[PDB]
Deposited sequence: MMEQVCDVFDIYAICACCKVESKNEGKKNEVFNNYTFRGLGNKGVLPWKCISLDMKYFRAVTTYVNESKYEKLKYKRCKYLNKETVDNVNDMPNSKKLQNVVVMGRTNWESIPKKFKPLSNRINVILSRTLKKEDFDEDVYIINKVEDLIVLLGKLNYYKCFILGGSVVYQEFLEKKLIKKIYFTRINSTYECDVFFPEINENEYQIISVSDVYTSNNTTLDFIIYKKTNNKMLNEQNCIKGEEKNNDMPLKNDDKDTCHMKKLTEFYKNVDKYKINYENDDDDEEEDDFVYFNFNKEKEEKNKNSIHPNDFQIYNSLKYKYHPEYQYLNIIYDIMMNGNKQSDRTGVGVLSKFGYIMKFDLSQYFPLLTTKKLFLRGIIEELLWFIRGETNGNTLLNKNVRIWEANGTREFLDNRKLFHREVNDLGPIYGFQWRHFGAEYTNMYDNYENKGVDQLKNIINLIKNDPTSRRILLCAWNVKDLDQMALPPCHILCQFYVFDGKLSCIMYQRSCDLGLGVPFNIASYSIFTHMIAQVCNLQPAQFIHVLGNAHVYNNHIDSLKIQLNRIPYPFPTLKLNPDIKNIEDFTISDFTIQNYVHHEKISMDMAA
């Protein structure tokens, strides 16, 4: 039996990224504890709420078990419930005097120079175990600061680390100890949030080493595809996985465990399932996958191209955007029976349908001004003017034009929904390459949602991704296995040049991704 287990000693810290000088990222990217005696940031209220809630929660119906445990360990039969909060000397000097001692906690100050003549002064870290051994308390929290964190980690006196990850960069003079991946492992991860203009997320480090019957009866009638889940050891060792990235990752997991084995065109073979939904809060984060690197320049130039209504593949290629290069080749168009189609003339695809649905497509150079239905203009007008309409849809799936398209759209339709100055978007995708396409598709429609929201004097809220035929290609399985056993970072944010007030005026400079913390790039094959 261990001191940190008997006496229930945990740390709790909030670390931010630190100023420096291709950047590399690890857990130790978040290590900024303070600057000039004070916190590195000016105020992040959501972490304070977390901290204040965590260090004051107790469950009295569980103390009799802890009290009993602590007594037997010390060879005793004896010792309103409160936690204990242990702080360093400077850390105690840090707090204003109106917030000292901390409300409803047993304040304990570690110091060699104090003792005014209740708040307890302990001269050595060993006096804590002695002081806890004669106290009535639920759990004991090490509030730091920098030195106190170091010694308590050294002496293995830490059971769990409650680690706020503040996803922004500050000037600091003090830093958290480099957590030792042997000593501790991340067991849980929280939702991502935005507070005071920064994203943050909350993780837990763990020290390493009747209706019950009724439920069983209902399961009476309840791996499959040569996947050994011990390859997902880290993925299956997390108790709580609240991070929104797990929506994507769990879908990868489910297809791999349960997918139906199917041939397809390329001859690779997929595992597929049918019908999924993901939701992302665009007002808290920008869902750019952090468990591998993703680039957005080509994604944005594809969307700007869409907005112009161009079908000319050469515009993308002269910008070195090659998303569509393979769909415009002589061979690809000839395989689509498009023998009278100029190379890279992709025909009536997304941009055309969004701005001229119904118009007779002739070639990518033709002048289509005012031919067809300006779907994009229509939905923007409806958002500004008839916001509760249920008819605000952007449809790319023109049944008459499919065969003339270099290929039919994967992204069938966007539906929009407006409430309380908030705009939500649904995109229905008929075919989803979970390994290669879906990460990009999530970012495209999120950016597009922000773009639509800003030109309609609204705030972005939810991006909803509906997957139809959803498939992992077999040659991706090994790469996704590596990716399932990485743990997400807090998401980045997207910034739009505020001065763009109409959907056609966005340019590549008007887009800025802030604080993108990611794992290493993974070539999916």
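Missing from the model, relative to the deposited sequence, are the stretches 1-2, 24-28, 87-96, 135-138, 231-284, 298-302, 606-608.
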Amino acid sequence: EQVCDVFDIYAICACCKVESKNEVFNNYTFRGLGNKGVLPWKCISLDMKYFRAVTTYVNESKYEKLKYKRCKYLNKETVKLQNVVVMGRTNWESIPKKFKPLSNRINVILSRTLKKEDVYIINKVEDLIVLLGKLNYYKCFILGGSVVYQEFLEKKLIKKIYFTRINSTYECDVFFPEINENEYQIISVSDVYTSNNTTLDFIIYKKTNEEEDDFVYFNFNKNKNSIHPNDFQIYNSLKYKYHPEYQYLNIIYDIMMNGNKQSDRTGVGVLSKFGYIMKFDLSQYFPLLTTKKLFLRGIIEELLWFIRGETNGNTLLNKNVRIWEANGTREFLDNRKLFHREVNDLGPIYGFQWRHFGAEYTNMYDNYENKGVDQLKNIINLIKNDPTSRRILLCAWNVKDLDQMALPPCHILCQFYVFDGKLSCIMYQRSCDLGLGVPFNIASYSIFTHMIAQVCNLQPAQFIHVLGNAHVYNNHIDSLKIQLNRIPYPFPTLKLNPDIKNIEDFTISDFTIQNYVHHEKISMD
From here on, numbers count along this sequence of modelled residues.
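Rigid core here is just the name for the largest C-alpha set that superposes within 1.5 Å across the two forms.
Structural divergence in 9 other deposited structures of this protein between 292-300 and 118-126: following superposition by the core, 118-126 has C-alpha atoms lying farther from the shown form. When the other structures are laid on the shown form by the rigid core, the stretch among 91-99 and 328-336 with the greater C-alpha deviation in 9 other deposited structures of this protein turns out to be 91-99. Of the other structures of this protein that model both sides of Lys80, a third or more give it no coordinates. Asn209 is a gap in at least a third of the other entries compared, counting only those with both neighbours built.
Of the two segments examined, 389-397 and 155-163, it is 155-163 that shows the higher average Cα temperature factor in the deposited entry. Remark: stretch with higher mean C-alpha B factor among 315-323 and 211-219 is 211-219. Set against one another, the Cα B-factors of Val418, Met405, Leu289, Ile122 in the record reach their highest point at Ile122.
When the C-alpha B-factors of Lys337, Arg355, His411, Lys224 are read from the PDB record, the largest value belongs to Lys224. In this PDB entry, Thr507 carries a Cα temperature factor that places it within the lowest third of its chain's modelled residues. Among the modelled residues of the chain, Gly259 sits in the middle third by CA temperature factor in this PDB entry. Annotation for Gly298: CA B-factor lies in the lowest third of the chain's modelled residues.
In this PDB entry, the Cα temperature factor of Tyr73 sits in the top third of its chain's modelled residues, the highest group. Ranked by Cα temperature factor within the chain, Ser446 sits in the lowest third according to the deposited record.
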